[PDB]
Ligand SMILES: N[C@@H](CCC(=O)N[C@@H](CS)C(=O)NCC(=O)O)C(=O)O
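Given next, in C-alpha cells, is a single chain: the form solved without the named molecule.
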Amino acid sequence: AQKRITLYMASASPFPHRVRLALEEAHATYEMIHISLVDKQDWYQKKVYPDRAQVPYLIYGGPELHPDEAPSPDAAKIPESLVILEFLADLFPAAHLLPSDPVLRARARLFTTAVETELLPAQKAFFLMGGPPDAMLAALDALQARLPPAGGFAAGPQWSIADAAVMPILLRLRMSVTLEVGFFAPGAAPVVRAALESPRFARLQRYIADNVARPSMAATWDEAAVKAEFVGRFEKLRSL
C-alpha cells in the first residue's frame, strides 16, 4: 500500500509545481493544502513547519490532514523540493522517475545541479535585479546545450525528475517576459521573449513542447492560477 501523502503548497513558486509533476508521473495518491503568507504566521509556522515555514512540504504517513491541524508526531515531514523529488523516485520505483542505469541517474542529477547553480541565479539577477538580457540568454543557451542534442528529455529518452525540476521554471520565465512582470531593465523582457521564440532556441522549444504534451502538465498547470499568484508575489516584492 501507499502511505498517505499530503502536499502543502502554492502556485506562484515553481517549487511545489515540481513536486506535483512527479506525483502525477507516479500516478500517486495525494491531497493538497494551500498556504498563504498569513497562513505562515497564524498556523503554518506555529503548528506544521516551525523551522522555516516554507513550502513545498510533504507529510508522508499518518491520518487525514486538514488546514490548521498539526501533523501527527509519527508522520514524516519532508521539505526541499529536490529532496522530495528524490523521495518520490524512491517511493515509486515502478514509475522510474529516475532511470535505472547509474550513469543516466547521474546525468539527471547533473542536469538538476545546473538548473540550481546556473539557471536560477541568472533568472534572479535578470528578473529581480534588472540584469541585461544577454546574461539571461546565455544561461538559456547553456541550459539548452545540456539537453540531449539527439532529442528526448533532460536525462535522455525517458522523462525523469530532472524534467520536473526545470519545467516549472521555464514556464514561469516565459510567462514573466510575455506579461512583462518583473524588475527588468528597459526593454529586456521583449528581447528575451523574442529570442525564446526564435531559431536560437529550437532545441529548447521542442523540449518544452515535449513536456507540455504529457498528461502530467495539464494536470498541474493552471495558467490563470499561476499568473494570478505570480503577479501578486511581484507586488509583495515591489512594495518592500
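For clarity, a rigid core is taken as the largest C-alpha set superposing within 1.5 Å between two forms. Shifts are known only where both forms have a C-alpha. The first residue of the shown sequence is 1; numbering continues from there.
Separately, the form solved in complex with the named molecule exists; it is not shown, and the next lines address it.
Q: Just to confirm the contact call: exactly one of 65-73, 33-41, 193-201, 180-188 touches the named molecule in the deposited complex at a 4.5 Å heavy atom cutoff, so which is it?
A: Selected range: 33-41.
Q: Contact with the named molecule in the deposited complex for residue 4, defined as at least one heavy atom pair within 4.5 Å: yes or no?
A: It does not: once the named molecule is placed as it appears in the deposited complex, residue 4 has no heavy atom within 4.5 Å of it.
Q: Can residue 13 be called a contact residue for the named molecule in the deposited complex at 4.5 Å between heavy atoms?
A: Residue 13: yes, in contact with the named molecule in the deposited complex.
Q: Please tell me whether any heavy atom belonging to residue 58 falls inside 4.5 Å of a heavy atom of the named molecule, as the geometry stands in the deposited complex.
A: Looking in the deposited complex, residue contacts with the named molecule do not include residue 58, since no heavy atom lies within 4.5 Å.
Q: If you check in the deposited complex, is residue 45 within 4.5 Å of the named molecule, heavy atoms only?
A: No - in the deposited complex, heavy atoms of residue 45 and the named molecule never come within 4.5 Å of each other.
Q: Align on the core first; then indicate which of 34, 40, 206, 214 has a CA shift of 2 angstroms or more between this form and the one not shown.
A: Among the listed residues, the outlier is 40.
Q: Work out the direction of the Cα-Cα change for residue 39 and residue 227 in the deposited complex: closer or farther than in this form? It's 3 angstroms or more.
A: Distance between the C-alphas of residue 39 and residue 227: shorter in the deposited complex, by 3 Å or more.
Q: Mind checking the CA-CA distance of residue 229 and residue 41 in the deposited complex? It differs by 3 Å or more from this form, so is it closer or farther?
A: Residues converge in the deposited complex, at least 3 Å closer.
Q: What moves between this form and the one not shown once the core is lined up, counting runs of 3 or more consecutive residues with C-alpha shifts of 2 angstroms or more?
A: Run shifting 2 Å or more: just 36-42.
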